[PDB]
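For reference, the chain that follows is the form deposited in one PDB entry, supplied as structure tokens.
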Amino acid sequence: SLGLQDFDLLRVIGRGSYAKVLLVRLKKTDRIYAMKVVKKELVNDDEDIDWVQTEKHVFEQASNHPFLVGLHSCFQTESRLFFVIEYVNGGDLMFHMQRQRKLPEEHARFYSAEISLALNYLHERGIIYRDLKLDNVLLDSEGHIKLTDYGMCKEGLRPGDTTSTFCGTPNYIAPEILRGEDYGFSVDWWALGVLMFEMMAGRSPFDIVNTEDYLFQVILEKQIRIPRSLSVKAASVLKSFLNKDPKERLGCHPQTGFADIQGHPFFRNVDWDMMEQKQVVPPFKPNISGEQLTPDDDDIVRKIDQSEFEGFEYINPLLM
């Protein structure tokens, strides 16, 4: 099926330790896509045994939702896995906050709404995102958000289920994870609380003036206080999403969790349905505005365990 031959490696658009993301062009179609590349050796050594399976499953659910990147195709070389993904060209919230420094409540309200719809959808599908942060919140040309990089997702969580992996991006990691407690969807809502805080305050609730051990101490012990300039509505949601007790945290009620959010005074006057069909207009249009592969290690590749990657190839019959 697909392979590197069928593509033109245009540029690099993302680079972590585990994963690398390229901008690519499907030759025979002249369409542009984003490509996520990961060394299969690290997939075996660093990830849960069902990582490949969880990724494929998550992309499936994401193709049927407006605020989630969908999967075009994926293939494998001897040493790497390749995820060809719907391309988003509006940048991300981090880039936006970089120029904005601080967003009006209306803007944060909009974004946090769309983010909630994407999250609740994953939760409904028994999935925990587990890595919501500014730069994982992409923006399309129109100005709507899109969650990307599903590398941290947990799958198959039934009602009452609970997982126990310590993961995430330190600044956004929930207290219940820090305590080593079994957790569920609650971590995602805490993450949104932290993200909402950055949007409206212009800084993290845990900014300063063992560096990471100290950060974890701040999150667990230091009292979270909302700045005096924010409205009573805003102060509430922040404090509610940022409740260190998963049981008492906003959006975490097993039954009325997501209803409690939509009902929150902060989200008053929000048409969720129109929000979900993109019938609500974004407060910022990235358009009209603003401003190669590492060689394999033959001694490693030769001994790689290809088991988990058998039958990895795939193409989506419906263009995401």
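Numbering starts at 1 and follows the sequence shown. In this text, rigid core is short for the largest set of C-alphas that superpose within 1.5 Å between two forms.
Note that the form deposited with a partner chain bound isn't included here; everything after this is about it.
- With the partner chain omitted here, the record of contacts in the deposited bound form names 160-168 of 160-168, 82-90, 106-114, 231-239, defined by a heavy atom within 4.5 Å.
- At the 4.5 Å threshold, heavy atoms of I224 stay clear of the partner chain in the deposited bound form, well away from it.
- The closest heavy atom approach of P175 to the partner chain in the deposited bound form falls outside 4.5 Å.
- Looking at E124, you'd find every heavy atom of it more than 4.5 angstroms from the partner chain in the deposited bound form.
- Although the partner is absent here, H72 lies well away from the partner chain in the deposited bound form, with no heavy atom inside 4.5 Å.
- Contact with the partner chain in the deposited bound form, defined as a heavy atom within 4.5 Å, is made by all three of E47, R130 and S204.
- After superposition on the rigid core, the single residue among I261, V43, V69, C252 whose C-alpha moves by 2 Å or more between the shown form and the other one is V43.
- Shown in the overlay between the shown form and the other one, fitted on the rigid core, is a CA shift at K56 of 2 Å or greater.
- Compared with the form shown, the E41-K154 C-alpha separation increases in the deposited bound form, the change being 3 Å or greater.
- Compared with the form shown here, the Cα atoms of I127 and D48 sit 3 Å or more farther apart in the deposited bound form.
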